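J.: Give me the fold of what follows.
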Amino acid sequence: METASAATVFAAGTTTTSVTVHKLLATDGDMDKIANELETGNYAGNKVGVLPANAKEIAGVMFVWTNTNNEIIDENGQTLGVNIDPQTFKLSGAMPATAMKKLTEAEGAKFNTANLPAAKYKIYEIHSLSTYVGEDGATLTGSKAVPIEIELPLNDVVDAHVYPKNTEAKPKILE
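T.: Residues are numbered from 1 along each chain as shown. Below you will find the coordinate block:
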């Protein structure tokens, strides 16, 4: 199916028309050194060229796109009447209809940006839709993720990408 429209729509505001959002994790809570191993790179736009051996990648996480006042938006910038705390990750209401959301497939997840206007945006990582089995004694940590901020590509990159990180570590209470 061709969804390009029978005439000209949106666009002409960026150097690329899509973004791929990934998910990174640490092996032993190392997200702090990893985030300094990434602030040195230009990873506001381009895909991570050098990962550490204390880093790893995971498919089957869910995330939603939002605006700078933490409102849930559609893939053209219309706001759905729902908001999210950066600290609590709680929703001001129930799950939206047309909102901009997807899960990681095998390396990441694609989001089309051509229909967004030239502005700043955010991404929130919601474990409320059925995810990969980490919480059942697996090699996953159960650490809290922190939210992402992004501005649309006006940069010499070949493709745009995103790298969400954690900042909490495993509990010391449980044996």
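J.: Tell me who's in contact with residue 112.
T.: Shown in contact with residue 112 (CB atoms under 8 Å, 6 or more residues apart in numbering): 17, 18, 75. Where you see a C-beta, it was placed from the backbone N, CA and C, and this is true even at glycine.
J.: if you set the cut-off to 10 Å instead, what comes out?
T.: Listed by CB atoms under 10 Å, 6 or more residues apart in numbering, the contact set of residue 112 reads 3, 10, 17, 18, 19, 75, 76, 100.
J.: Against residue 168, how distant is it?
T.: Note on residue 112: its distance to residue 168, by CB to CB, to the nearest Å, is 32 Å.
J.: re earlier: could you pick out the buried ones from the contacts of residue 112?
T.: Among the contacts of residue 112, those classed as buried by 16 or more other CB atoms under 10 Å are 19, 75, 100.
J.: Same list, the residues you listed, but as CSV with distance to residue 92 and secondary structure please.
T.: Listed next are the buried ones among the contacts of residue 112 as CSV, based on distance: CB to CB, whole Å; DSSP: H, G, I helix; E, B strand; the rest coil:
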residue, distance to residue 92, secondary structure
19, 25, strand
75, 20, coil
100, 17, coil
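J.: Could you export those as TSV, including distance to residue 159?
T.: Listed next are these as TSV, based on distance: CB to CB, whole Å:
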residue	distance to residue 159
19	8
75	18
100	18
